[PDB]
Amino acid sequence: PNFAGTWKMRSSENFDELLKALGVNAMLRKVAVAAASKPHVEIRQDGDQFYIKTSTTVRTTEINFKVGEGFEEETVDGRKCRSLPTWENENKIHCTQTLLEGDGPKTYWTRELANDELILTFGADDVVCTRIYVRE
């Protein structure tokens, strides 16, 4: 499956509840939720090699990884973590995160390519956030 290209968000669900579950300050969530509404996503892929740039006005993250090989990135709430990308299935990547410093909610994300739509999922313990993207 090809995740490469530029994507824009079609819908988000529970992004605020996610930030709640991760203990983010109501005023920060206000800013985050706002910025997260109009995110721009760039994905360059080469087999298991992935480049994903996510941009908003107040924060842009650039992650690079090889499915099957751990890498370092940040959690949704900015905490630096250790990540473990894996092919859950042919078109879905599952990624487990373990915080480098401190302790917190068990988090992970999963990116799935389904019907030319990119389904992004953020988990913070029991809370699940679903963000659907379409090819811009």
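Numbers follow the displayed sequence, beginning with 1.
**Student:** Once you work out the mean C-alpha B-factor for both 88-96 and 52-60 from the entry, which is higher?
**Tutor:** It is 52-60 that shows the higher mean C-alpha B-factor.
**Student:** State which stretch shows the higher mean Cα B factor in the entry: 29-37 or 61-69.
**Tutor:** Per the deposited B-factors, the answer is 29-37.
**Student:** Checking the record values for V128, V24, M9, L118, which has the greatest CA B factor?
**Tutor:** In the PDB entry, the greatest C-alpha B-factor among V128, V24, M9, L118 is found at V24.
**Student:** Using the B-factor values recorded in the entry, state whether the Cα atom of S83 falls in the lowest, middle or highest third among the modelled residues of its chain.
**Tutor:** Its C-alpha B-factor, which the entry lists for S83, ranks in the lowest third among residues of this chain.
**Student:** Relative to the other modelled residues of the same chain, rank the CA B-factor of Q45 and answer lowest, middle or highest third.
**Tutor:** For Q45, whose C-alpha B-factor we compare with every modelled residue in the chain, the answer is the highest third.
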